[PDB]
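Quick one: the structure is below, and I'll ask about it shortly.
All chains are identified by letter, namely A, B, C, D and E, in their written order; residue positions are counted from 1 within each chain.
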């Protein structure tokens, strides 16, 4: 059973161990009570420049809301971020994949709208 | 290997007190309530109810470690009042609020199912 | 005492004693599997 | 290998929807419309049904250990 | 210095969810109610399995874990049953547990779907939700000809703090201040964000004018039930459980104050 110290990775070089596990009432939630399965730190993105992670998260939100499988083939001019954002704005979501989350401990809104969505993770 | 049983977050160990009151010596009329086997669910409501008391000068809580299963609530009141009395009144007020909310939710359910 | 085994190919319940070559009596297959114990193992559905 | 019982995120039951989902797909529903017919409105449960790989059907191609 | 006088307004009540609004309460009370929906509303769930025979392609812990997550109707029985901690019996008794039995064998050529309908209980009140008298039955395992699954489960009383299988909710939507009047969020581009379903704003207006004297009131809830409890039973049991947590805390508080 996964636990603190088990190594997980996305498909973009973003590896890390489980720091802690919070129950569903302790995790942050959207207005429709969706809690993240995983929370990763924003500081893993900028130096690494794994923008594929973010585009995959956004495409995955579109895919899950649309009922399809996203096409992430490398060199495809028929798929860019603006198209994916326009598609996501049609399902009642912020076009860039952000959502207002609430603090699970206090229930107050988090001032900064969080970037959340489906991403394929791997257990190593 | 090192996984604590899931009941240890809710269940008191033998000889472990649910709540302990310790006088805070830094300032007068302040107390620390160390409550075992509770979490943000009761800490947040108790703190926020204590903040509604004008005789409460400080009301805060913390979970010192998420892996541990206790909270500490610090309460400072005015000299004519007591932090123990403030904490008691906060719990009484929360209980009355929840009783009223429960009765009103029962009434609302009855109205909704009936018409 | 019997230590009945199952055949990997014919799935036959057959008894084999110690100091006996591991051979199924129905088809001669050389790989056998032990049967599930009768001991009582408990699972917390978690 | 088999359809999970609950949605990992919310805890909605999805175990009873895999067979209905497949029946809707062979009924010429799109995956989105099929997921709408089963009442999976949060994209977490849509993730559960839409990304499931029924490997148990391949594990049932092997004869069991006992006849 | 005293309690709130919250009011309630239920805007939708089905067998699947309850959508309501609590007004004139603190945000901490609203979020503790929300948390208790998930983590301190007890229900009945399988928490003990004994596999007598399993020739299926899923190992024993897989089946056990899978059985634990089947919701069992807990409406009137959960209040009566005791925690096995509190029961004065041996490992089990009908006062703290419910016995289930499952015995399936695939003899026919088509795949046999061992579903929650095959979980036979000794208690008629505590049964799998899908088996209750549409939605299909939860699938426990598919069996091939010659495969067999025979087990004996016991269901216990617990809540979501111990394991998510005792969580009665299939999602708790919680919201407040749909128009960002308290500015607890700060949208870099407020025009880009969709409107809440509870918003009361004309489409040209993106968010409400900032309310400096405002406090969170009017919390909107949508409590979806996994099946074990009715949604309104989840809310009522949540309020009762939170009130008994506070009552026990006050009892222990009184003992600590008087002992000093």
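The rule is short, and it goes like this: contacts are C-beta pairs under 8 Å (C-beta built on N, C-alpha and C of every residue); 3 or more make two chains touch, one makes a residue touch a chain.
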Requested in this report: Skim through the chains and flag the pair connected by the most C-beta pairs in contact.
Outcome: B-E
Report task. Averaging the CA atoms per chain, pick out the one whose centre lands closest to the mean of every protein CA shown. Result -> E
Requested in this report: With centres defined as the mean of C-alpha atoms, identify the chain lying farthest from chain C.
Outcome: B
Requested in this report: Measure off the straight-line distance from the CA centroid of chain D to the CA centroid of chain E, and report it in whole Å.
Outcome: 22
Query raised in the report: From the C-alpha centre of chain C to that of chain E, how far is it in Å?
Result: 44
Query - Centre-of-Cα separation between chain D and chain A, whole angstrom - result: 22
Report task. Return the residues of chain D touching two or more other chains; collapse runs of consecutive numbers into ranges. Result -> 10-11, 42, 63-67
Query raised in the report: Which positions in chain B touch two or more other chains at once?
Result: 6, 40-41, 44
Query raised in the report: Could you say which residues in chain C touch two or more other chains, in rising order?
Result: 11, 46
**Report entry** All pairs of touching chains, each written as two labels joined by a dash
**Finding:** A-B, A-D, A-E, B-E, C-D, C-E, D-E
Query raised in the report: How about chain D: which of its residues touch chain A in the complex?
Result: 8-11, 30-36, 42-44, 46-47, 50
Requested in this report: Write out the stretch or stretches of chain B touching chain A in their complex.
Outcome: 3, 39-41, 44, 66-67
Query raised in the report: Mind pulling up the chain A residues that touch chain B in the complex?
Result: 1, 3, 20, 22, 25-26, 105-107
Query raised in the report: In their shared complex, at which residues does chain E touch chain B?
Result: 1-10, 13, 20, 22, 25-29, 31-33, 35-36, 39-40, 85, 161-163, 232, 235-236, 239-240, 242-243, 245-250, 252-254, 256-257, 260
Query raised in the report: Which residues of chain E touch chain A in their complex?
Result: 27-28, 30-31, 34-35, 38-39, 160-161, 164, 167, 169, 171-177, 184-187, 192-194, 196, 216, 222
